[PDB]
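Report on one structure; see the data block that follows.
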Amino acid sequence: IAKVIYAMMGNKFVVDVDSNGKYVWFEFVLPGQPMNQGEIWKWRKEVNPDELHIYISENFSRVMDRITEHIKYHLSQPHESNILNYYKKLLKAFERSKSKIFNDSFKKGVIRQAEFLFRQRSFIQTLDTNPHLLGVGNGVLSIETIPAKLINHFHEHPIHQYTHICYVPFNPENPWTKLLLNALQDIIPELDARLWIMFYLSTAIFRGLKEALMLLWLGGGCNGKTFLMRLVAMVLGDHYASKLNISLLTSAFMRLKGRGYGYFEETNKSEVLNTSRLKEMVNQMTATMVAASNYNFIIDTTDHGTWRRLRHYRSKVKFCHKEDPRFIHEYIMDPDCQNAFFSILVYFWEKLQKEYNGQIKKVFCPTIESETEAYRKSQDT
Amino acid sequence: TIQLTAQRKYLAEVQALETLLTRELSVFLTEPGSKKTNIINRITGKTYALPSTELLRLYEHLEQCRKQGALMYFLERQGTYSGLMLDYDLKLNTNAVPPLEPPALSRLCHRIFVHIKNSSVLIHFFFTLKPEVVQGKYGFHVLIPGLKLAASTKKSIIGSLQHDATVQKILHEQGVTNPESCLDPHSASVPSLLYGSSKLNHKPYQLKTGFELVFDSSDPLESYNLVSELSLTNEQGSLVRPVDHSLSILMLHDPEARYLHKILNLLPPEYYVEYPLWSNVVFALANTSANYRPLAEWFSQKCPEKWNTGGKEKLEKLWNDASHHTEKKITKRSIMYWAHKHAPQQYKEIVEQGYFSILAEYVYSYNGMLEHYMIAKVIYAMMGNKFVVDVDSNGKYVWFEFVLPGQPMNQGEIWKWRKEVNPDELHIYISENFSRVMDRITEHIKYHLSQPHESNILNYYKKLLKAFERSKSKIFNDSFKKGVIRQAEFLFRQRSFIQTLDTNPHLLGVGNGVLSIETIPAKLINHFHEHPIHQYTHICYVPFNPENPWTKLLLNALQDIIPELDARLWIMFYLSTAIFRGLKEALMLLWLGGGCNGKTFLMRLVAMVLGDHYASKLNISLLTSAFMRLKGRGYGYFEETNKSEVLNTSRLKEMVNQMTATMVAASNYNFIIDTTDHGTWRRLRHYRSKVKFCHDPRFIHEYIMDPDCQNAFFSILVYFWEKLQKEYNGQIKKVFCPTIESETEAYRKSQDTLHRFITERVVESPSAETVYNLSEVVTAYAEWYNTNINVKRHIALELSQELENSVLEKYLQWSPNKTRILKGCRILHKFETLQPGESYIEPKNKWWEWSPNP
């Protein structure tokens, strides 16, 4: 039974032993089945193979019926009597074997056999290895080459982690696209520095080895920089973005590994660091680190190894009642804005990869460099 | 239906037809809309255009099948060539058999002979009749398939026989009261049926005798393949010689849609005549599947008057809209609920018949080899409308059932979902209710035993009875029940169900049912619904009512507690907001009182009214420093204690920046606040209880436990919630409460030294510019602090940074370089004076229902 079920439907199930020594099942999500938003065209974990547990009950029944009609078809043909008696005994035994396809304990034995058949060695640790693949709501997108291809069909690619946000073909004329363009233009009065920081946050999507840089952003409130942080965190999702506390840096450290973007929040005015902690931060690590607060940070180090991995910016414009409450309330949780934002960021990833091939250091940011130099002069006596 | 299953298990031979259709006859596919087809079966709407080989093969197969018995529903259409086959809808006056005497047969043969002479000419006669005993008496069908003259001459002969009178008087010989109109005008223009193929709900016909004769161009039975001979297309016979559709294909499939078609005709007429019910039903149909668009247009055919007059267009609009819409909170369960509400009886027999059919098909499929999976399927069909299975966060299957009136149940869980470790309700339903269904099965078995049949058939039936009698006792086995409930976990498993529980922020579980505030006015649900709600409070909902003595007592208590009208209304609306489990405006209220004034009475009253699941108490240690317990709750509060209470601005900023719970604070002495954060201050409000109560003492103990007081209180709260929804629908800040604002400003000035200093010594200048806004301002603040608060060395440049990070943004206009340098402000020195341009920087009926004017 296990071999037959393997040959029939081994195309959407894989078995691998977990870190604790337990076999773990996975199913390849396909359209037309009960399924949560965003898991389409992806591998999802199940405690028990219930889909298999109903497939064996139903689909195999038609094959067994085919066997039965084949047997009675040979019965209909005139044959030698002894072979006919053989056939009656055969069909009687097979009829006795009918019910075991329904018995629960037999099904448990069958799924055990399938676990020992469907098992694919070296599978769990290979999950989500390539940072060129990101799971989106409408399928799977690949940033391997320009242009990017959004897989909306079955793939050998094994994808578990994903973001609810579904990818959208980048479109300049979309109302939300121009809305976000204007929002970003008003957010950053500068142009070239805006391009640099925008390209940097676009490259922040890359889950692989980054260039190990740190960005410090200031804000006096009612500026939306916290809104940008929340927007990017929501769009990217929990599996690749996680919140980080100032307590860790001023001293959960294992949480930040495996992500692609980290962020902080404004906390009072007594911010202070620990040199060693950032020392292993500026030193594996494959995520993007950005901190935001309301007051200038206090540095107590002089080594260039620390300094060269640090960048700083200060916000100049403030918005008051002009601030948009819908930005912080409606557009903060409006899917269209997020989608449009996702298309914007992936398009700018593609643009930089065409231009700089991912070498962000080549981009010239005179304002950012001047601000960093001034900040170092203020801090590094 | 199930009788066909009983007959296929009956017949040892009959498998030949099915295997021929699947293997040899399958490749000869024919378009259903094409006229080239020669044979069609109305059982599953299959159309075939086979050549004569498999035609005669299936004819003879059906011959042995008829010899054994069975029932077939085959049909065939006449082409450009065919014989003489006629239908007679011969409805006699009386149900007494007028036997067709052979002289009458000869007379009718001679009459049809002389009718056919005056046409194209160059003959075996076949006679069949109904088995009688039916309204309308029997019918006659003469078949003459020898010739091939299917043309307008057939229509001419039909017209001639329509006006023929010799056949009329011949019928009058057997006492027939209907000489004409018995023959259908479409006798030769519509497909016919093979002899032996019965019509719906009738026995197949029988042959009385078979005669034959010969025609001259000059001078005017158990030994043949009768089915093959009678065929109109079989020119090679031995004895004789050759002289929209989407709705249909849906009802050709989808047993669930078959039951939907069964039940929709039982719906009351009001559903399709009005927009609301029509929209809801089409939404449910679309949500269940997109394959049900043909059934949706069938409902348009169930309301043709609208459908043709733009109702079709509205149907495609709603189908597009349905596609646009998602996760709608409606399923088929609503449709069954409505059907049972309107026509409970027909509902009951229909569902019983369906369950009987499922059980019978399963027992016939495996010779009574009942198994866990089939039992679980039957149970899911039967009682699957009040049970759900889902996997928890720890990887465990957890059941939930829907509480109904007339069950052993605690106070407040009515019309709600409750959690059980085991399916005891299911574990007893399987023991009791399933017995009735299997009894129906077994009595049907005895019924079949009573019918006389072939001996080996009776032996098979007896063996099946013995096997099923052995199998039936297993239902009362704990291991078998465990297997059944496992398979029921697999079937009932509804993913995403758990996190959808309590997710709706617009529903509350009350003692007497479900309360919904979504629309104005709120609606009380005390019946079946699709909402998966599990959390609840024991307080039973009441409609609002001023005349209740408890209601007016509470109104007077609130009036005395806060003599101010507008301030009391604002605080009361703020309290009403706590019932909303969704997002809040992130505001803080500070309340003070010396005791013996009932503020603790208000706190305990609201705490008791809301209940544990939606409201909770919170300690002061967390504030001065377990916090994550706020989630899910909608209201939080503390207890008065001590006099030196202090708050952590870090904890405050954490709590005021997910989180959806309203917060209230109260004590007797002044709270120590040591912050200048404008974002903190703008979200803070302060109040102090004014009225003093001294010698209702019974408020302390009696009124707490009185259901009426709490109920009436809850009704007041919901009524005032919808009242607030009437004008500002959530925007609480639009309400004007000058007393509360004044108290909050005074307390902030008491706590925030910098804010008070800015209010007094800093004045905005309508003209000129604040070019003096530099560190000199910080020095002036330091001098003021030394001369009025404390002589100390102030911080260096932190004060300016806090000044920018304060309320002063429009007041502190940043320079074109974004470096402080405010504009239009002036500094007040010692004994300074400012010019005028400078600005600092109803008898309880209204209590029952106020007015927009403050």
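For the structure tokens, the naming scheme is as follows: chains receive sequential letters (A, B, ...) according to their order of presentation, residues are indexed from 1 within each chain, and ligands are indexed from 1 in presentation order.
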Show me, as a PDB file with C-alpha atoms, in the first residue's frame, the residues of chain B whose atoms get within 6 Å of chain A, using only C-alpha atoms for the distance check.
ATOM      1  CA  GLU B 371     -15.335   0.563   9.251  1.00  0.00           C
ATOM      2  CA  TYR B 373     -14.074   5.950   8.241  1.00  0.00           C
ATOM      3  CA  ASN B 805      10.926  67.493  21.589  1.00  0.00           C
TER       4      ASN B 805
END
Extract the full set of alpha helix (DSSP H) residues from stretch 55-278 of chain A according to DSSP on the backbone, and format it as a VMD selection string.
chain A and resid 55 to 76 81 to 96 104 to 118 175 to 187 192 to 203 225 to 236 246 to 250 253 to 256 275 to 278
Let me make sure I understand: among B:511, B:546, B:344, B:33, which one has the smallest atom-to-atom distance to residue B:847 if we use only C-alpha atoms?
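Result for the nearest residue to residue B:847: B:546.
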Measuring atom to atom with only C-alpha atoms, identify which of B:695, B:678, B:97, B:565 is nearest to residue B:597.
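The answer is B:695, which sits nearest to residue B:597.
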Report, in Å to a single decimal, how far apart atom CA of residue A:307 and atom CA of residue A:261 are.
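Separation of atom CA of residue A:261 and atom CA of residue A:307: 20.6 Å.
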Residue A:52: which residues within 10 Å, counting only C-alpha atoms, same-chain residues fewer than 3 positions away excluded, as a ChimeraX atom specification?
/A:5,9,12-13,27,48-49,55-59,107,111,114
Could those residues be written to a file, using N, CA and C atoms, as a CSV table (one decimal), in the first residue's frame?
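Final file, result30.csv:
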chain,number,residue,atom,x,y,z
A,5,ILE,N,0.8,4.1,-2.9
A,5,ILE,CA,0.5,5.5,-2.6
A,5,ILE,C,1.7,6.4,-2.9
A,9,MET,N,1.0,9.5,-5.4
A,9,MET,CA,1.0,10.9,-4.9
A,9,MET,C,2.2,11.2,-4.1
A,12,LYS,N,3.8,15.6,-3.5
A,12,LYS,CA,3.5,16.7,-2.6
A,12,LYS,C,3.7,16.4,-1.1
A,13,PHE,N,4.6,15.4,-0.8
A,13,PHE,CA,4.8,15.0,0.5
A,13,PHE,C,6.3,14.6,0.7
A,27,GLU,N,3.5,19.2,3.2
A,27,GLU,CA,2.6,19.1,2.1
A,27,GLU,C,2.9,20.3,1.2
A,48,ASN,N,0.0,15.7,11.4
A,48,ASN,CA,-0.3,14.4,10.9
A,48,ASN,C,-0.7,14.5,9.4
A,49,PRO,N,-0.4,13.6,8.6
A,49,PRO,CA,-0.8,13.7,7.1
A,49,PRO,C,-2.3,13.4,6.9
A,55,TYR,N,-6.7,10.8,1.4
A,55,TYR,CA,-6.3,10.3,0.1
A,55,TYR,C,-6.2,8.8,0.0
A,56,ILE,N,-5.6,8.2,1.0
A,56,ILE,CA,-5.5,6.7,1.0
A,56,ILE,C,-6.9,6.1,1.1
A,57,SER,N,-7.9,6.7,1.8
A,57,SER,CA,-9.2,6.2,2.0
A,57,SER,C,-10.0,6.3,0.7
A,58,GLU,N,-9.8,7.4,-0.1
A,58,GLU,CA,-10.7,7.7,-1.2
A,58,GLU,C,-10.0,7.3,-2.5
A,59,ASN,N,-8.9,7.9,-2.8
A,59,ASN,CA,-8.3,7.7,-4.2
A,59,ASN,C,-7.9,6.3,-4.4
A,107,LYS,N,-4.1,2.1,8.7
A,107,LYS,CA,-3.7,3.4,8.2
A,107,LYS,C,-2.4,3.9,8.9
A,111,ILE,N,1.0,4.8,7.1
A,111,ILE,CA,1.7,6.1,7.1
A,111,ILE,C,3.1,5.9,7.7
A,114,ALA,N,5.1,4.8,4.8
A,114,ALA,CA,5.3,6.0,3.9
A,114,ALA,C,6.4,6.9,4.5
Using only C-alpha atoms, determine which residues lie at most 7 Å from residue A:336, disregarding the query and same-chain residues fewer than 3 positions distant; provide the list as a ChimeraX atom specification.
/A:176,339-340
Given only C-alpha atoms as the basis, pick out the residue of A:43, A:291, A:65, A:97 nearest to residue A:127.
A:43
Hey, what's within 8 Å of residue B:529 if we count only C-alpha atoms and toss same-chain stuff fewer than 2 positions away? As a list in words, please?
residues 334, 527 and 531 of chain B
If you keep C-alpha atoms, can you produce a file of those selected residues as a PDB file, in the first residue's frame?
ATOM      1  CA  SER B 334     -27.167  29.064   7.489  1.00  0.00           C
ATOM      2  CA  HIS B 527     -30.448  31.845  17.799  1.00  0.00           C
ATOM      3  CA  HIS B 531     -19.936  33.307  14.352  1.00  0.00           C
TER       4      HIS B 531
END
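Across A:31, A:237, A:147, A:109, the tightest approach to residue A:162 is made by A:237 when counting only C-alpha atoms.
The residue set within 9 Å of residue A:345, counting only C-alpha atoms and dropping same-chain residues fewer than 4 places from it, reads residues 198, 199, 201, 202, 203, 205, 340, 341, 349 and 350 of chain A.
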Could you save the residues just selected, with N, CA and C atoms, as a CSV table (one decimal), in the first residue's frame?
chain,number,residue,atom,x,y,z
A,198,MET,N,17.1,54.8,0.2
A,198,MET,CA,16.1,53.9,-0.5
A,198,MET,C,16.8,52.7,-1.1
A,199,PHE,N,17.9,52.9,-1.8
A,199,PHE,CA,18.5,51.7,-2.3
A,199,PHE,C,19.1,50.8,-1.2
A,201,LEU,N,17.8,50.3,1.8
A,201,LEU,CA,16.7,49.6,2.4
A,201,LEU,C,16.1,48.6,1.4
A,202,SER,N,16.3,48.8,0.1
A,202,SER,CA,15.9,47.9,-0.9
A,202,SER,C,16.8,46.6,-0.8
A,203,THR,N,18.1,46.9,-0.7
A,203,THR,CA,19.0,45.7,-0.5
A,203,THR,C,18.9,45.0,0.8
A,205,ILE,N,16.4,43.6,1.8
A,205,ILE,CA,15.6,42.4,1.7
A,205,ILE,C,16.5,41.2,1.6
A,340,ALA,N,2.0,47.8,-3.3
A,340,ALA,CA,2.7,48.8,-4.0
A,340,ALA,C,4.1,49.1,-3.5
A,341,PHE,N,4.3,49.1,-2.1
A,341,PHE,CA,5.6,49.3,-1.5
A,341,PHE,C,6.5,48.1,-1.8
A,349,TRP,N,15.6,47.1,-5.9
A,349,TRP,CA,16.6,46.0,-5.9
A,349,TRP,C,17.1,45.7,-7.3
A,350,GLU,N,16.1,45.5,-8.3
A,350,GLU,CA,16.5,45.2,-9.6
A,350,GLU,C,17.4,46.3,-10.2
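The smallest atom-to-atom distance between residue A:327 and any of A:245, A:226, A:61, A:302, using only C-alpha atoms, is found for A:226.
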DSSP-assigned strand (DSSP E or B) among stretch 32-265 of chain A, expressed as a PyMOL selection string:
chain A and resi 43-46+119+133-136+139-142+149-151+214-218+241-243+261-263
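Near residue B:108, within 12 Å and counting only C-alpha atoms, sit residues 100, 101, 102, 114, 115, 125, 126, 127, 140, 142, 161, 164, 165, 166, 167, 168, 169, 170 and 171 of chain B; same-chain residues fewer than 6 positions away were not included.
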Expected file contents, prior selection, N, CA and C atoms, as a PDB file, in the first residue's frame:
ATOM      1  N   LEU B 100     -56.860  -6.547 -25.336  1.00  0.00           N
ATOM      2  CA  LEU B 100     -56.723  -6.291 -26.769  1.00  0.00           C
ATOM      3  C   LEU B 100     -56.896  -7.608 -27.513  1.00  0.00           C
ATOM      4  N   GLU B 101     -58.114  -7.846 -27.988  1.00  0.00           N
ATOM      5  CA  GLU B 101     -58.423  -9.086 -28.678  1.00  0.00           C
ATOM      6  C   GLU B 101     -57.706  -9.129 -30.030  1.00  0.00           C
ATOM      7  N   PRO B 102     -57.263 -10.309 -30.460  1.00  0.00           N
ATOM      8  CA  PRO B 102     -56.518 -10.420 -31.727  1.00  0.00           C
ATOM      9  C   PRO B 102     -57.297  -9.886 -32.920  1.00  0.00           C
ATOM     10  N   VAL B 114     -53.547   0.458 -44.631  1.00  0.00           N
ATOM     11  CA  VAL B 114     -54.185   1.314 -45.625  1.00  0.00           C
ATOM     12  C   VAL B 114     -53.782   2.777 -45.458  1.00  0.00           C
ATOM     13  N   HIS B 115     -53.439   3.218 -44.242  1.00  0.00           N
ATOM     14  CA  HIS B 115     -52.841   4.545 -44.101  1.00  0.00           C
ATOM     15  C   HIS B 115     -51.479   4.624 -44.780  1.00  0.00           C
ATOM     16  N   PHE B 125     -45.242  -6.846 -36.887  1.00  0.00           N
ATOM     17  CA  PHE B 125     -45.987  -6.012 -35.955  1.00  0.00           C
ATOM     18  C   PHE B 125     -45.626  -6.408 -34.530  1.00  0.00           C
ATOM     19  N   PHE B 126     -45.332  -5.413 -33.697  1.00  0.00           N
ATOM     20  CA  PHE B 126     -44.950  -5.628 -32.308  1.00  0.00           C
ATOM     21  C   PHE B 126     -45.871  -4.821 -31.405  1.00  0.00           C
ATOM     22  N   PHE B 127     -46.399  -5.473 -30.372  1.00  0.00           N
ATOM     23  CA  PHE B 127     -47.439  -4.905 -29.526  1.00  0.00           C
ATOM     24  C   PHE B 127     -46.978  -4.917 -28.077  1.00  0.00           C
ATOM     25  N   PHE B 140     -50.429   2.237 -25.246  1.00  0.00           N
ATOM     26  CA  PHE B 140     -50.075   1.355 -26.347  1.00  0.00           C
ATOM     27  C   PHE B 140     -48.929   1.971 -27.136  1.00  0.00           C
ATOM     28  N   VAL B 142     -47.114   0.770 -30.747  1.00  0.00           N
ATOM     29  CA  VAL B 142     -46.865  -0.111 -31.880  1.00  0.00           C
ATOM     30  C   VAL B 142     -45.516   0.249 -32.491  1.00  0.00           C
ATOM     31  N   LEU B 161     -53.642  10.088 -39.177  1.00  0.00           N
ATOM     32  CA  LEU B 161     -54.102   9.308 -38.032  1.00  0.00           C
ATOM     33  C   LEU B 161     -54.746  10.194 -36.974  1.00  0.00           C
ATOM     34  N   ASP B 164     -58.050  10.296 -38.185  1.00  0.00           N
ATOM     35  CA  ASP B 164     -58.636   8.992 -38.457  1.00  0.00           C
ATOM     36  C   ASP B 164     -59.739   8.686 -37.451  1.00  0.00           C
ATOM     37  N   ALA B 165     -60.811   8.055 -37.934  1.00  0.00           N
ATOM     38  CA  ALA B 165     -61.945   7.703 -37.093  1.00  0.00           C
ATOM     39  C   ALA B 165     -62.133   6.206 -36.908  1.00  0.00           C
ATOM     40  N   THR B 166     -61.591   5.379 -37.805  1.00  0.00           N
ATOM     41  CA  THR B 166     -61.698   3.934 -37.635  1.00  0.00           C
ATOM     42  C   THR B 166     -60.973   3.472 -36.378  1.00  0.00           C
ATOM     43  N   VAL B 167     -59.780   4.013 -36.122  1.00  0.00           N
ATOM     44  CA  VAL B 167     -59.084   3.700 -34.878  1.00  0.00           C
ATOM     45  C   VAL B 167     -59.871   4.221 -33.683  1.00  0.00           C
ATOM     46  N   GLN B 168     -60.550   5.359 -33.844  1.00  0.00           N
ATOM     47  CA  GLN B 168     -61.364   5.904 -32.762  1.00  0.00           C
ATOM     48  C   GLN B 168     -62.482   4.943 -32.376  1.00  0.00           C
ATOM     49  N   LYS B 169     -63.215   4.429 -33.368  1.00  0.00           N
ATOM     50  CA  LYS B 169     -64.292   3.492 -33.067  1.00  0.00           C
ATOM     51  C   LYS B 169     -63.753   2.141 -32.615  1.00  0.00           C
ATOM     52  N   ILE B 170     -62.567   1.750 -33.090  1.00  0.00           N
ATOM     53  CA  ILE B 170     -61.935   0.535 -32.582  1.00  0.00           C
ATOM     54  C   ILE B 170     -61.658   0.672 -31.092  1.00  0.00           C
ATOM     55  N   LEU B 171     -61.111   1.817 -30.674  1.00  0.00           N
ATOM     56  CA  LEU B 171     -60.923   2.065 -29.247  1.00  0.00           C
ATOM     57  C   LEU B 171     -62.255   2.059 -28.506  1.00  0.00           C
TER      58      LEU B 171
END
